[PDB]
Amino acid sequence: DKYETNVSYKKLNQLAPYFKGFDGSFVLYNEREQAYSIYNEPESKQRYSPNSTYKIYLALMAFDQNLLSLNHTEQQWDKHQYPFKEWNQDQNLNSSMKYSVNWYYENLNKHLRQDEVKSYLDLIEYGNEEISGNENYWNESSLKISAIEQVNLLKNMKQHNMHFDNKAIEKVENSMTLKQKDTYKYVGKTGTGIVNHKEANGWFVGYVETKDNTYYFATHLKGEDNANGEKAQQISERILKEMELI
Ligand SMILES: *C(=O)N1C[C@H](NOS(=O)(=O)O)CC[C@H]1C(N)=O
C-alpha cells in the first residue's frame, strides 16, 4: 500500500491551497542538487493505480521486446467503435500517447509475456509490482505506484539507469513532449481512474529539462470526484510556473 523510504526532503506545505478539494501530493526532484521537495509526504508514499501513466513503461517494454521499432510504431485500428473518436483511427506512438489510446497499449501488453512484465517491473521497481488483478492490471486494478516512485522511475529512465535503449527512450520522451523552447523541454503524461462512475484518481507526471538541470515531478489527486489527469496537470502547471520552470 505504501512505499518505504527515508530520503530527506524539503517540505512544500504552502502548496496546500492548490489542492483545494483533494487529498493530493506534489513531488519534485532537482537533478543537479540531488534533492527532493514534497507537498504532503504521507500521500507522496501512498500507492495508487497508475492508469494511463503506465503507458510510458509499456511503450519502453515494447521497444525492448521489438514489438515496436524506432521507425515502426504504427498500429491499425480494428474498427471497434470507441466513445472517443480520436481512438477510432490508426495510430502511431505519438498519436497513441497524445490521445491516450488505451487499445494501442492493451495490444502491446497482450503481446508481452506476463512473466516478462513481472521481470521488468521487478527491475525498474514499479510500485507494488502486482499484475494479477485483471487483464488490464494498470487500470484501477492491482498495480499501484506512489508519487515519489513515479518521479524515481522517470529520473532513472532519463539518467539511463534502466536497461532500455537510449534511442527508444528518446522516442517515448518525444511522444510525451508538451512544449519545447530554446530554454526548456516540458514532458509529461496524464492519468485518470474511475471509481463508482466518478473521477477518483488523477495523475500528472513528467519533467522539465533546462539548459543546466532536470526537474522531475509528479502530482497525485485523490477525491470522491473531479480527481482527474486534466486537473492534476493544471495544478502541476500552476506550481511549476510559480517555480519559474515553465
Ligand atoms: C488514462 O488514464 N486513461 C485513458 C484516457 N485518457 O486519460 S488521460 O487523459 O487522463 O490520460 C481516458 C481515461 C483513463 C482510463 N481510465 O483509461
# chains A, B, ... in the order shown; residues from 1 in each chain; ligands from 1
>>> residues_around(residues="residue 177 (chain A)", least_positions_apart="3", cutoff="9 Å", atoms="only C-alpha atoms", output="ChimeraX atom specification")
/A:172-174,180,185-189
>>> residues_near_ligand(ligand="ligand 1", cutoff="8 Å", atoms="only C-alpha atoms and all ligand atoms", output="tab-separated table (two decimals) with N, CA and C atoms, in the first residue's frame")
chain	number	residue	atom	x	y	z
A	50	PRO	N	-1.78	3.44	-11.56
A	50	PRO	CA	-1.17	4.44	-12.45
A	50	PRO	C	-2.05	4.87	-13.60
A	51	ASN	N	-3.05	4.05	-13.95
A	51	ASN	CA	-3.91	4.25	-15.12
A	51	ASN	C	-3.02	4.61	-16.31
A	52	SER	N	-3.33	5.68	-17.04
A	52	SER	CA	-2.65	5.94	-18.31
A	52	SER	C	-1.18	6.30	-18.15
A	53	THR	N	-0.71	6.60	-16.95
A	53	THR	CA	0.72	6.88	-16.82
A	53	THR	C	1.57	5.63	-17.00
A	99	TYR	N	-3.35	11.13	-27.51
A	99	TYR	CA	-4.77	10.87	-27.32
A	99	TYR	C	-5.03	9.77	-26.30
A	100	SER	N	-3.99	9.28	-25.64
A	100	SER	CA	-4.08	8.27	-24.58
A	100	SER	C	-4.99	7.12	-24.99
A	101	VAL	N	-4.59	6.47	-26.08
A	101	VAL	CA	-5.39	5.47	-26.78
A	101	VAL	C	-5.19	4.10	-26.11
A	102	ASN	N	-6.15	3.71	-25.29
A	102	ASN	CA	-5.97	2.51	-24.48
A	102	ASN	C	-5.68	1.28	-25.33
A	139	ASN	N	-5.23	-0.43	-14.80
A	139	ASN	CA	-6.42	0.42	-14.82
A	139	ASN	C	-7.27	0.10	-13.60
A	140	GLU	N	-7.12	0.90	-12.55
A	140	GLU	CA	-7.90	0.75	-11.33
A	140	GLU	C	-8.02	-0.71	-10.90
A	189	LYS	N	2.74	13.29	-18.74
A	189	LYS	CA	1.66	12.36	-19.06
A	189	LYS	C	0.60	12.39	-17.98
A	190	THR	N	-0.65	12.43	-18.41
A	190	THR	CA	-1.79	12.40	-17.52
A	190	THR	C	-2.26	10.97	-17.27
A	191	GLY	N	-3.01	10.81	-16.19
A	191	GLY	CA	-3.81	9.61	-15.99
A	191	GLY	C	-5.04	9.92	-15.16
A	192	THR	N	-6.10	9.14	-15.38
A	192	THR	CA	-7.36	9.25	-14.65
A	192	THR	C	-7.90	7.85	-14.35
A	193	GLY	N	-8.36	7.66	-13.11
A	193	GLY	CA	-9.00	6.43	-12.71
A	193	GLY	C	-10.44	6.70	-12.29
A	194	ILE	N	-11.34	5.84	-12.74
A	194	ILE	CA	-12.77	5.94	-12.47
A	194	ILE	C	-13.13	4.91	-11.41
A	202	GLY	N	-6.35	11.05	-9.99
A	202	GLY	CA	-5.73	11.82	-11.06
A	202	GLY	C	-4.23	11.90	-10.94
A	203	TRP	N	-3.54	11.73	-12.07
A	203	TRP	CA	-2.09	11.82	-12.14
A	203	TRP	C	-1.67	12.84	-13.18
A	228	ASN	N	-8.85	14.04	-11.67
A	228	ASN	CA	-8.53	13.53	-12.99
A	228	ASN	C	-7.20	14.10	-13.45
A	229	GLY	N	-6.72	13.56	-14.57
A	229	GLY	CA	-5.43	13.97	-15.09
A	229	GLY	C	-5.38	15.42	-15.50
A	230	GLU	N	-6.47	15.92	-16.08
A	230	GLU	CA	-6.50	17.32	-16.52
A	230	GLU	C	-6.31	18.26	-15.33
>>> closest_atom_pairs(of="region 142-192 of chain A", to="region 215-220 of chain A", cutoff="7 Å", atoms="only C-alpha atoms", output="JSON lines")
{"residue": "A:147", "atom": "CA", "partner": "A:218", "partner_atom": "CA", "distance": 5.5}
{"residue": "A:150", "atom": "CA", "partner": "A:218", "partner_atom": "CA", "distance": 6.5}
{"residue": "A:151", "atom": "CA", "partner": "A:217", "partner_atom": "CA", "distance": 5.7}
{"residue": "A:155", "atom": "CA", "partner": "A:216", "partner_atom": "CA", "distance": 6.7}
>>> write_last_selection(atoms="N, CA, C and O atoms", output="PDB file, in the first residue's frame")
ATOM      1  N   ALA A 147       3.608   8.620  -5.771  1.00  0.00           N
ATOM      2  CA  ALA A 147       4.102   9.798  -6.483  1.00  0.00           C
ATOM      3  C   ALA A 147       5.621   9.876  -6.436  1.00  0.00           C
ATOM      4  O   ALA A 147       6.259  10.185  -7.447  1.00  0.00           O
ATOM      5  N   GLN A 150       6.912   7.433  -8.926  1.00  0.00           N
ATOM      6  CA  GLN A 150       6.776   7.900 -10.302  1.00  0.00           C
ATOM      7  C   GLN A 150       7.939   8.806 -10.678  1.00  0.00           C
ATOM      8  O   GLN A 150       8.476   8.726 -11.790  1.00  0.00           O
ATOM      9  N   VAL A 151       8.336   9.694  -9.766  1.00  0.00           N
ATOM     10  CA  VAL A 151       9.472  10.574 -10.005  1.00  0.00           C
ATOM     11  C   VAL A 151      10.749   9.762 -10.132  1.00  0.00           C
ATOM     12  O   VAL A 151      11.568   9.992 -11.033  1.00  0.00           O
ATOM     13  N   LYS A 155      13.324   9.688 -13.424  1.00  0.00           N
ATOM     14  CA  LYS A 155      14.730  10.040 -13.289  1.00  0.00           C
ATOM     15  C   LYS A 155      15.643   8.871 -13.673  1.00  0.00           C
ATOM     16  O   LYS A 155      16.647   9.066 -14.365  1.00  0.00           O
TER      17      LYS A 155
END
>>> atom_distance(atom1="CA of residue 166 (chain A)", atom2="CA of residue 58 (chain A)")
15.6 Å
>>> residues_around(residues="residue 196 (chain A)", least_positions_apart="3", cutoff="12 Å", atoms="only C-alpha atoms", output="list in words")
residues 140, 193, 199, 200, 201, 223, 224 and 225 of chain A
>>> residues_around(residues="residue 33 (chain A)", least_positions_apart="5", cutoff="12 Å", atoms="only C-alpha atoms", output="number ranges by chain")
A: 9-10, 28, 212-215
>>> residues_around(residues="residue 132 (chain A)", least_positions_apart="3", cutoff="8 Å", atoms="only C-alpha atoms", output="ChimeraX atom specification")
/A:135,137,142
>>> write_last_selection(atoms="N, CA and C atoms", output="short mmCIF file (atom, residue, chain, number, x, y, z; two decimals), in the first residue's frame")
data_model
loop_
_atom_site.label_atom_id
_atom_site.label_comp_id
_atom_site.auth_asym_id
_atom_site.auth_seq_id
_atom_site.Cartn_x
_atom_site.Cartn_y
_atom_site.Cartn_z
N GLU A 135 -6.79 -8.44 -16.46
CA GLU A 135 -6.00 -8.34 -17.69
C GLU A 135 -5.40 -6.94 -17.82
N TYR A 137 -4.30 -4.72 -15.68
CA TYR A 137 -3.95 -4.61 -14.27
C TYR A 137 -3.52 -3.20 -13.88
N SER A 142 -4.84 -4.05 -9.69
CA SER A 142 -3.90 -4.45 -8.65
C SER A 142 -2.63 -3.61 -8.62
#
>>> decode(residues="region 195-240 of chain A", atoms="C-alpha atoms", output="CSV table (one decimal), in the first residue's frame")
chain,number,residue,atom,x,y,z
A,195,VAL,CA,-14.3,4.5,-9.3
A,196,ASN,CA,-18.1,4.3,-8.9
A,197,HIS,CA,-18.5,6.2,-12.2
A,198,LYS,CA,-16.6,9.2,-10.8
A,199,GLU,CA,-13.0,10.5,-11.3
A,200,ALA,CA,-11.3,9.4,-8.1
A,201,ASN,CA,-7.6,9.2,-9.0
A,202,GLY,CA,-5.7,11.8,-11.1
A,203,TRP,CA,-2.1,11.8,-12.1
A,204,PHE,CA,0.3,14.1,-14.0
A,205,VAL,CA,3.9,13.1,-14.1
A,206,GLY,CA,6.9,14.3,-16.1
A,207,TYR,CA,9.9,16.6,-16.1
A,208,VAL,CA,11.2,20.0,-17.2
A,209,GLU,CA,14.6,19.8,-18.8
A,210,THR,CA,16.5,23.1,-18.9
A,211,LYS,CA,20.0,24.0,-20.2
A,212,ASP,CA,21.6,23.1,-16.9
A,213,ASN,CA,19.2,20.8,-14.9
A,214,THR,CA,16.2,18.5,-15.0
A,215,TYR,CA,13.3,18.9,-12.6
A,216,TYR,CA,11.2,15.7,-12.3
A,217,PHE,CA,7.7,15.9,-10.9
A,218,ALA,CA,4.6,14.0,-10.0
A,219,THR,CA,1.2,15.2,-8.9
A,220,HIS,CA,-1.5,12.9,-7.5
A,221,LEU,CA,-5.1,13.7,-6.7
A,222,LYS,CA,-7.5,11.6,-4.6
A,223,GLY,CA,-11.1,12.7,-4.3
A,224,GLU,CA,-14.6,11.4,-4.5
A,225,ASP,CA,-14.9,13.1,-7.9
A,226,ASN,CA,-13.2,15.6,-10.2
A,227,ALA,CA,-9.8,13.9,-9.5
A,228,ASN,CA,-8.5,13.5,-13.0
A,229,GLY,CA,-5.4,14.0,-15.1
A,230,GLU,CA,-6.5,17.3,-16.5
A,231,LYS,CA,-6.9,18.8,-13.0
A,232,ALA,CA,-3.6,17.2,-11.9
A,233,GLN,CA,-1.9,18.8,-14.9
A,234,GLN,CA,-3.5,22.2,-14.2
A,235,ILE,CA,-2.3,22.2,-10.6
A,236,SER,CA,1.2,21.0,-11.7
A,237,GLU,CA,1.5,23.8,-14.2
A,238,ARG,CA,0.5,26.4,-11.6
A,239,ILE,CA,3.2,25.0,-9.3
A,240,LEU,CA,5.8,24.8,-12.0
